[PDB]
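A short write-up of the structure that comes next.
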2 protein chains.
Amino acid sequence: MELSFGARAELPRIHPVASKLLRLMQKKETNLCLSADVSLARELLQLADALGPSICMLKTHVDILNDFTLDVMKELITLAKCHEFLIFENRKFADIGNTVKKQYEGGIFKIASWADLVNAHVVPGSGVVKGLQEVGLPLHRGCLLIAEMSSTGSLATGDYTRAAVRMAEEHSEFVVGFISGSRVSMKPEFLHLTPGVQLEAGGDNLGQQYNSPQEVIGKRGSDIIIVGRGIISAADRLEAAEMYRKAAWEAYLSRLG
Amino acid sequence: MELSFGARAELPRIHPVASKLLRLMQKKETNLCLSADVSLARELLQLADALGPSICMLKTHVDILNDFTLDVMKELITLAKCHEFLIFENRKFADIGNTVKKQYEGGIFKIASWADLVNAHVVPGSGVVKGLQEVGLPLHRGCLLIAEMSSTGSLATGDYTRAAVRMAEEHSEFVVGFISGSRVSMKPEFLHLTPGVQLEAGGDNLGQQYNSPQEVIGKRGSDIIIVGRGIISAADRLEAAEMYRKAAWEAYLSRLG
Ligand SMILES: *C(=N)c1cc(=O)[nH]c(=O)n1[C@@H]1O[C@H](COP(=O)(O)O)[C@@H](O)[C@H]1O
Ligand SMILES: *C(=N)c1cc(=O)[nH]c(=O)n1[C@@H]1O[C@H](COP(=O)(O)O)[C@@H](O)[C@H]1O
């Protein structure tokens, strides 16, 4: 029997980051994550402020920001706290444990110092998680494992997806869920976040494929939709974000019955 | 049916960046790539200068460099030109095409502006290559596809590896080879670069596994060894690099007959 986001937030085995997210999802009636791959910090902050009320999460793309500074991230965190959303950095970590540890904690970006959530590919084996968690656990962070991908020709299928689920299960102190196209775990303590979402059928010219909020939340049993271009390329970004929120939310309610 | 690096540089279907690399390998008697995952620009540049004569390539880790600037990369280019080595950025690109295009071209790092070579994971499908290609093709860059990984529990096996080989074949205007543990393609135009190499048996505490240069180059038929810690952790990094160079080069010569 399907549990509400609010109830899931209270599960004995829930990770604190997942609980915080689930609570604000229920409070705000939003299971939308905005993906903002903008080139200017000012753009990022403007979008975060304007759309913050409509979202549960903001997916940043630090590697694309032309004018990144740590002061920008300080201000973003202030917005996140005010509007109540989490920060999820997009970078798809995908290296041996020793290297990913450094990529997560260090450099100019210091991702672990401001991202509530990160995502990682499972292709390197479990060392990728072990490396990340050595940084993430002290900093009270969570991780999502990429169990499936939305793009044409994805190899994240079959036994690969099953491996991701096992890895998650075995690292539940740090791993809080999946990037996936559907529900892949039966355990309610895990979140499912699904990119490749737009209201209309289609794709892009570089292998992205889209499904609707109703399809992925309602039929496929995911929790949260990740939407970038469907919102950002709209004339009215506020209205677009509202449209996606209402879609995703109603699909969730329906499933919940 | 084995050809020298110098002869391979002349193959009809060879990419210009590959030919450049194969010529300097032959000239300098080196098939060693130094992986320099240091936190400081001064260390990176000192290593590049001192070890430059001993290496065919320097693998940078821009995501870990605390004091990155584009001026640092300008100086590195100068050293690469002087000592004759290629610059290979480590970042293991692993996203949809539209996103990796921006990650490669833009942000603070502007990777495509200074890296001869990049590597990508094949998990997203061929859009990952198409996105990178749209940026790197006119710059005379090349890309390596991650066909196998050196770490424990790697999922880059079997059909996944085969998919990487097919993807390379289908994008040979831009894909110049593989990150792999062994020869994966029979086509001599493709380069095989193998990480997880040390003179001594072992591993690390985060899933890395090591094999020797003699094993990797001599028995497994790879072209280039990628060595980080085996060199970087030595007291005398130059002497270490020389040891690795001689091992890899003589293993190559021996297979050549
Ligand atoms: C990573 N979150 C990811 C994984 C995936 O399989 N597919 C995918 O699109 N993403 C990322 O999500 C957004 C989607 O943006 P659009 O709605 O604009 O297509 C983008 O950040 C991808 O990198
Ligand atoms: C990526 N080049 C890669 C792929 C892989 O399967 N294994 C692997 O180690 N690498 C990277 O190569 C260096 C090896 O460094 P050490 O010699 O210090 O182990 C490493 O930093 C990985 O990121």
Side-chain angles (χ1 to χ4, degrees), chain A residues 33-37 59-61 63-64 88-92 94-103 117-119 121 123-125 127 131 144 146-151 154 156 178-181 193-198 202-204 206-210 225-233 244, chain B residues 33-37 59 61 63-64 88-92 94-100 102-103 118-121 123-125 127 131 144 146-151 154 156 178-181 193-198 202-204 206-210 225-233 244:
Chain A
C33 175
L34 175 64
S35 177
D37 76 339
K59 176 140 70 62
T60 59
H61 297 252
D63 291 311
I64 298 169
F88 171 17
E89 165 50 45
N90 185 69
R91 181 188 288 180
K92 296 183 189 284
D95 212 320
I96 72 174
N98 193 252
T99 299
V100 291
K101 185 172 42 169
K102 298 181 176 179
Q103 295 171 339
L117 295 169
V118 289
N119 58 186
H121 286 291
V123 65
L144 303 167
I146 301 159
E148 297 176 327
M149 291 195 73
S150 58
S151 41
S154 175
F178 307 94
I179 289 289
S180 62
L193 284 72
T194 299
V197 175
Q198 271 187 9
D204 76 5
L206 285 171
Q208 178 65 304
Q209 309 177 104
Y210 294 113
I225 59 171
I226 297 166
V227 182
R229 285 169 281 182
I231 293 158
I232 299 298
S233 295
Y244 281 97
Chain B
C33 178
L34 176 65
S35 179
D37 73 323
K59 177 134 73 52
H61 294 254
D63 291 310
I64 299 169
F88 169 21
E89 168 49 45
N90 187 61
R91 177 178 292 176
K92 299 182 185 287
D95 213 316
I96 71 173
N98 191 250
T99 299
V100 297
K102 296 184 186 184
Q103 292 177 334
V118 288
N119 61 185
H121 285 291
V123 66
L144 304 163
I146 303 160
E148 297 179 331
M149 291 195 74
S150 55
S151 43
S154 168
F178 305 97
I179 299 288
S180 65
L193 288 70
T194 300
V197 175
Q198 279 196 12
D204 74 9
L206 286 172
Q208 178 70 304
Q209 306 177 101
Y210 296 113
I225 60 171
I226 297 169
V227 176
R229 281 167 290 175
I231 292 164
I232 297 292
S233 297
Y244 278 94

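When a ligand or atom number is given, it counts from 1 through the structure's own listing order. Computed over heavy atoms, backbone and side chain alike; hydrogens, waters and symmetry mates excluded. Letters A, B, ... are given to chains in the order of the sequence lines, protein chains preceding strands, and every chain is numbered from 1.
- Of the polar atoms of B/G230, none of the N or O atoms is found under 3.5 Å from an N or O of ligand 2, judged by distance alone.
- With ligand atoms numbered from 1 in the order given, ligand 2 contributes 1 (C), 2 (N) to contacts under 4.0 Å with heavy atoms of B/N119.
- The distance from ligand 2 to the heavy atoms of B/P195 drops below 4.0 Å at these ligand atoms: 3 (C), 4 (C), 5 (C), 6 (O), 7 (N), 8 (C), 9 (O), 10 (N), 12 (O).
- Taking NZ of A/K101 as the reference point, atom CD1 of B/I64 lies at 10.5 Å (rounded to 0.5 Å).
- At least one heavy atom of A/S35 sits less than 4.0 Å from an atom of ligand 1.
- Looking at B/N119, its side chain does come within 3.5 Å of a backbone N or O of B/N90 through a donor-acceptor pair.
- The closest non-hydrogen atom to atom 3 (C) of ligand 2, taken over A/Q103, B/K59, B/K92, comes from B/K92.
- Counting heavy atoms from C-beta outward, B/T194 and B/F178 have side chains that stay 4.5 Å or more apart.
- When hydrogens are left out, the protein atom nearest atom 22 (C) of ligand 2 is A/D95 OD1, 3.3 Å; that is the closest non-hydrogen contact.
- Formation of a donor-acceptor pair under 3.5 Å by the B/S151 side chain with backbone atoms of A/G125 is not found in this model.
- In summary, A/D37 and A/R229 do not engage in a salt bridge, as defined by a charged side-chain N under 4.0 Å from a carboxylate O.
- For ligand 1, the polar-atom distance check finds an N/O of B/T99 within less than 3.5 Å of one of the ligand's N/O atoms.
- For atom 19 (O) of ligand 2, the nearest non-hydrogen atom of the protein is B/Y210 OH, 2.8 Å.
- The nearest protein atom to atom 17 (O) of ligand 2, hydrogens excluded, is given as B/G228 N, 2.9 Å; this is a heavy-atom distance.
- Side-chain atoms of A/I179 and A/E148, non-hydrogen and from C-beta on, never get closer than 4.5 Å to each other.
- The pair A/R91-B/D63 meets the salt-bridge criterion, with a side-chain N (NZ, NE, NH1 or NH2) lying under 4.0 Å from an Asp/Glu carboxylate O.
- Short contacts between ligand 2 and B/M149, defined as distances under 4.0 Å to a heavy atom of the residue, involve ligand atoms 5 (C), 6 (O).
- Nearest protein neighbour of atom 7 (N) of ligand 2, counting heavy atoms only, is B/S150 OG, 2.8 Å.
- Considering backbone and side-chain N/O atoms, A/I226 never comes within less than 3.5 Å of an N/O atom of ligand 1.
- Between the side chain of B/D204 and the main chain of B/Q208, a donor-acceptor pair closer than 3.5 Å is present.
- Proximity of a side-chain donor or acceptor of B/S35 to a complementary backbone N or O of B/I226 within less than 3.5 Å is not detected.
- Within the structure, the closest approach of B/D37 to ligand 2 does not fall below 4.0 Å when heavy atoms are considered.
- Counting heavy atoms closer than 4.0 Å to ligand 1, residue A/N90 contributes side-chain atoms (C-beta onward) but none from N, CA, C or O.
- Looking at B/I146 against ligand 2, nothing comes within 4.0 Å, counting heavy atoms.
- Distances from atom 9 (O) of ligand 2 to the heavy atoms of B/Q209, B/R229, B/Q208 show the closest one on B/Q208.
- Listed by number with element, the atoms of ligand 2 under 4.0 angstrom from any heavy atom of B/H61 are 21 (O).
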Checklist line | Residues A/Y244, A/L34; criterion side-chain contact (heavy atoms from CB on, under 4.5 Å); working and verdict | finding: CA-CA 10 Å; A/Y244 281 97; A/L34 175 64; over 6 Å; no
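- A donor and an acceptor atom, one from each side chain of A/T60 and A/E89, are located under 3.5 Å apart.
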